[PDB]
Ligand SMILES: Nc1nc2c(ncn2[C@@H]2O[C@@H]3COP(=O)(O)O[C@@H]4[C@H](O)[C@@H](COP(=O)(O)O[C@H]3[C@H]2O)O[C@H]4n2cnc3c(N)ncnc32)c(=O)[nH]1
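Just one chain follows, in the form solved without ligand 4UR, and it is written as structure tokens.
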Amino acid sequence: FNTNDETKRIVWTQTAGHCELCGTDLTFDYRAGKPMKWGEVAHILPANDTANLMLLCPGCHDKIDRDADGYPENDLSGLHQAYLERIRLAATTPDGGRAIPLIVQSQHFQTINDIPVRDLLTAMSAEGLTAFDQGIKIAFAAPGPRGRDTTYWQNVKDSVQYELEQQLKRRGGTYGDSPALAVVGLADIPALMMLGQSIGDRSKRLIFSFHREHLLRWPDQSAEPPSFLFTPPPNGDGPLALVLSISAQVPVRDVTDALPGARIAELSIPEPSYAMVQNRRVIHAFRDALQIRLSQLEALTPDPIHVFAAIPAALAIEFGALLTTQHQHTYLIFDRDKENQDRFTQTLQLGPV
């Protein structure tokens, strides 16, 4: 199965350097400064055209049966060609820069600082993005006396998803490829998380961060994302709680007062800041970092995870999106309640009921 070097380069290229059977990015050590042999090339069919060769991580390659020359015992032509097909569409996408403007604000933050659609368009132009059309502007409904109960949240989600479906009824979206979303939000954490749930983890989303009111640019596109410092939780019988100290440092006293006996796991960065989202790459870092720790925490108990978060709007959306794929686990979201002396108060339940 060993094959010449130019063949290696073609296979790495056409597969975009990921293991076809499990999406592991095989350049992860280059992304920290090391060479290119973290991957194994296999033929697809049992018993020269590079289109007949798969790129695998050694972990998956070991799990495959193989003959004396290295060929597989079972045919996987379907998976390979499917994978390559997926790549082909992504790479060849026409109007790769068009995205749908999506602005979502809560009655309170629109009255103080309404984001007009034009301003999002401005930030898009500054990145080289262009607009499908007038776009979507949604205002989260003010909760009635029923508060933000289960019915309220469902109505919120539907309103978003309604507007999303309407763009697919313009033909281009319905089939072929679902359009990209230039999304920005200006509400409390629970609401924005719900917006994240609506668009979903697998959507082509381009999140924006209007943390500085009339700044319509990423602060520093060169900036490297911060390290996300994880503090695993202590043992005990208490309810498991997740603290996100990114916009600020969350006082442990405030957590336990709202959630007695909380076993606090914490994710933080060295210098918490409201403006820590220096460029979009930070968000991807957040996701990758968080996506890991969530898997670890879910393993320690099936009981709900209580979330106390101090994160910028943009991350609140992304966090909501991650949990879409993690629909096996129950999370309870706490946010500062102005009506209860700014104490953390449970407003939202995500995942299973």
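What we label the rigid core is the largest C-alpha set whose atoms superpose within 1.5 Å from one form to the other. All residue numbers refer to positions in the sequence shown, first residue = 1.
The form solved in complex with ligand 4UR exists for this protein as well; it is not shown, and the discussion that follows is about that form.
- Note on the interface: of 77-85, 241-249, 218-226, 121-129, the segment with non-hydrogen atoms within 4.5 angstroms of ligand 4UR in the deposited complex is 241-249.
- The putative spot formed by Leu186, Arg212 and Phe344 is fully lined by ligand 4UR in the deposited complex; each residue has a non-hydrogen atom within 4.5 angstroms of it.
- None of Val307, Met54, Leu26, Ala313 but one reaches within 4.5 angstroms of ligand 4UR in the deposited complex through a heavy atom, and that residue is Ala313.
- Under a 4.5 angstroms non-hydrogen atom cutoff, ligand 4UR in the deposited complex has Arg336 among its neighbouring residues.
- In the deposited complex, ligand 4UR sits within 4.5 Å of a heavy atom of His108.
- The closest non-hydrogen atom of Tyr152 lies beyond 4.5 Å of ligand 4UR in the deposited complex.
- Among residues of the shown chain, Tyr274 is one whose heavy atoms approach ligand 4UR to within 4.5 Å in the deposited complex.
- When the two forms are superposed on their rigid core between this form and the one not shown, the C-alpha shift of 2 Å or more among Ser273, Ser245, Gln167, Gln278 belongs solely to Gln167.
- Core-aligned CA deviation for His18 between this form and the one not shown: 2 Å or greater.
- With the core held fixed between this form and the one not shown, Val255 has its Cα displaced by under 2 Å.
- A movement of the C-alpha atom of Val183 falling short of 2 angstroms is seen between this form and the one not shown when the two forms are aligned on their rigid core.
- In the deposited complex, the Cα-Cα separation between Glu213 and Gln221 shrinks by 3 Å or more relative to the displayed conformation.
- Note on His108 and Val255: their C-alpha atoms are nearer in the deposited complex, a change of at least 3 Å from this conformation.
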